[PDB]
Amino acid sequence: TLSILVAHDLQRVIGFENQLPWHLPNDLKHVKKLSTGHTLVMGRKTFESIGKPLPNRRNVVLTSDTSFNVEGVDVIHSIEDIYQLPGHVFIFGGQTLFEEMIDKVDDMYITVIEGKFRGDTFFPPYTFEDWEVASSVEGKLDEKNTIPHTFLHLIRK
Ligand SMILES: NC(=O)c1ccc[n+]([C@@H]2O[C@H](COP(=O)([O-])OP(=O)(O)OC[C@H]3O[C@@H](n4cnc5c(N)ncnc54)[C@H](OP(=O)(O)O)[C@@H]3O)[C@@H](O)[C@H]2O)c1
Ligand SMILES: CCOc1ccc2ccccc2c1-c1cc2nc(N)nc(N)c2cc1C
């Protein structure tokens with residue numbers, strides 16, 4: 001299975017200055033629960049943003065840099081390399097990866113951040129005409145998690 005994993009806001013913002021525009025611990029927990037034991041494929045910028053591979057899953061980085069050889073990270077140099085990765089593969093970002101993959105993936109696990117943030121990077125437009133809502137779950141709010149959010153699982157019709 002090949003899936004997208006993304007958090008985007010009401011206007012599809014995903015990032016600002018190479019980081020998330022929001023602080024939302026529960027989204028990171030969501031990411032952990034979905035991708036632990038599986039494979040993440042991410043662009044080079046997203047990798048440098050996190051700074052180190054995420055534990056307990058396969059971290060795959062897409063880059064043109066032939067000198068890229070980082071401990072605990074597997075490197076690929078082509079989109080086509082993605083299709084040879086075994087198991088459940090999550091396209092993990094960022095904008096460039098999402099743009100390249102949205103037409104190719106089986107499904108998407110989206111965290112809709114129900115606010116409007118300043119962004120410099122965006123998830124591409126998509127329409128519910130193309131995507132069945134397999135589930136929609138409101139995130140729970142508290143002192144640490146104060147931005148309303150909804151976890152959507154969309155499956156291509
Ligand atoms: N909210 C979210 O769900 C989420 C998730 C992840 C990231 N983000 C945000 O997304 C933003 C980063 O997105 P971005 O588009 O600027 O960067 P990115 O997608 O993370 O990385 C871009 C880099 O990926 C490599 N790449 C992509 N396609 C390639 C291909 N076909 N062949 C070889 N290399 C390829 C290139 O690396 P080289 O230049 O090294 O060749 C490219 O410069 C940040 O603001 C970050 O915080 C948001
Ligand atoms: C690019 C900045 O995003 C950060 C920064 C630090 C993180 C630390 C732990 C887990 C995820 C992190 C994320 C992060 C959060 C994400 N959240 C969702 N819903 N989807 C993705 N595809 C994500 C991808 C990344 C990389």
Side-chain angles (χ1 to χ4, degrees), residues 1-9 12-113 117 119-126 130-137 139 144-145 147 149-156:
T1 308
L2 180 68
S3 308
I4 270 165
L5 186 52
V6 64
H8 75 64
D9 82 355
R12 280 176 289 98
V13 166
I14 61 171
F16 182 70
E17 285 180 351
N18 287 320
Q19 292 298 336
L20 303 173
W22 43 80
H23 173 79
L24 191 62
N26 283 355
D27 174 76
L28 309 189
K29 304 190 184 86
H30 178 67
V31 160
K32 175 177 196 179
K33 196 178 190 199
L34 284 172
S35 68
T36 293
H38 303 299
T39 297
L40 302 179
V41 177
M42 71 194 80
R44 185 264 300 174
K45 290 185 178 177
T46 293
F47 178 69
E48 301 296 331
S49 295
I50 62 169
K52 52 104 224 194
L54 293 177
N56 307 322
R57 69 217 83 168
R58 179 182 197 181
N59 293 245
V60 180
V61 171
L62 178 60
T63 178
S64 68
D65 183 3
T66 55
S67 291
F68 190 99
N69 194 11
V70 174
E71 180 187 347
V73 178
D74 294 335
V75 68
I76 61 162
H77 301 296
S78 166
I79 286 294
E80 301 307 306
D81 293 333
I82 296 169
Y83 311 108
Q84 270 66 45
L85 303 164
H88 198 166
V89 176
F90 293 90
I91 303 302
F92 198 53
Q95 171 181 287
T96 305
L97 260 296
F98 293 141
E99 286 175 351
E100 295 177 276
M101 295 305 293
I102 189 163
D103 290 344
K104 318 299 177 173
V105 296
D106 300 319
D107 59 346
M108 309 198 287
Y109 289 91
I110 299 171
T111 303
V112 185
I113 308 290
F117 290 80
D120 61 18
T121 46
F122 285 75
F123 192 71
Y126 59 97
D130 288 344
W131 298 95
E132 178 172 15
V133 178
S135 63
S136 179
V137 179
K144 280 193 73 221
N145 297 264
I147 310 153
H149 52 287
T150 304
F151 301 116
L152 298 185
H153 180 206
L154 306 185
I155 300 176
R156 182 190 307 281

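Residue numbers run from 1 in the order of the sequence given.
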Exercise. Go through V41 and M101 one step at a time and tell me if the side chain to side chain contact (heavy atoms under 4.5 Å, CB included) criterion holds.
Key: CA-CA 11 Å; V41 177; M101 295 305 293; over 6 Å; no

Practice problem: Please report the C-alpha distance between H8 and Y126 in whole Å, then the side-chain angles of each, then the deciding distance to 0.1 Å, and finally whether the ring pair (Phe, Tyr, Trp, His ring centres under 6.0 Å) criterion is met. | Solution: CA-CA 12 Å; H8 75 64; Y126 59 97; 5.7 Å; yes

Quiz prompt | From CA spacing to verdict: side chain to side chain contact (heavy atoms under 4.5 Å, CB included), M108, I91 | solution = CA-CA 9 Å; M108 309 198 287; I91 303 302; over 6 Å; no

Quiz item: Stepwise, does the side chain to side chain contact (heavy atoms under 4.5 Å, CB included) test hold for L154 with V133?
Solution: CA-CA 5 Å; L154 306 185; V133 178; 3.9 Å; yes

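For the pair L34 and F151, the minimum side-chain heavy-atom distance is 4.5 Å or more. In this structure the side chain of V31 reaches within 4.5 angstrom of the side chain of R57, judged on heavy atoms. Using a 4.5 Å cut-off on side-chain heavy atoms (C-beta onward), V61 and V70 make no contact. The closest side-chain heavy-atom distance from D65 to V75 is not below 4.5 Å. When side chains are defined from C-beta on, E17 counts as touching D120, because their heavy atoms get closer than 4.5 Å. Counting only heavy atoms from C-beta outward, the side chains of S3 and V105 never approach each other to under 4.5 Å. No side-chain heavy atom of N59 sits under 4.5 Å from any side-chain heavy atom of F92. Between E48 and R44 the shortest side-chain heavy-atom distance falls below 4.5 Å.
Ring pair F90/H88: centre-to-centre distance below 6.0 Å.
The 12-atom threshold is not exceeded at NZ of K32, counting heavy atoms of other residues, nucleotides or ligands nearer than 6.0 Å. Atom CG of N69 sits in a sparse spot, with 12 or fewer heavy atoms from other residues, nucleotides or ligands closer than 6.0 Å. Heavy-atom contacts from other residues, nucleotides or ligands closer than 6.0 Å to NZ of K104 number 12 or fewer.
Of all heavy-atom pairs between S35 and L40, the closest is CB-CD2, 3.4 Å. Annotation for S49 and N18: closest pair OG-O, 2.7 Å, computed over non-hydrogen atoms. Across every non-hydrogen atom of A7 and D27, the tightest pair is CB-OD1, 3.8 Å. Contact detail for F117 and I147: the closest heavy-atom pair is CZ-CD1, 4.0 Å. Nearest heavy atoms, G72 versus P53: O-CB, 3.6 Å. Here the closest heavy-atom approach between residue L28 and residue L20 is recorded as CD2-CD1, 4.3 Å.
Sorted by first then second residue, the ring-ring contact (aromatic ring centres under 6.0 Å, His included) pairs that include residues 55-83, not counting sequence neighbours, are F47-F68.
A side chain to side chain contact (heavy atoms under 4.5 Å, CB included) with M42 is found for exactly one of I50, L54, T63, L97, namely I50.
For the pair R12 (side chain) and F122 (backbone), a donor-acceptor distance under 3.5 Å is absent. In this structure, the side chain of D106 engages the main chain of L2 through a donor-acceptor pair within 3.5 Å. No donor-acceptor pair under 3.5 Å is formed between the side chain of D81 and the backbone N or O of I76.
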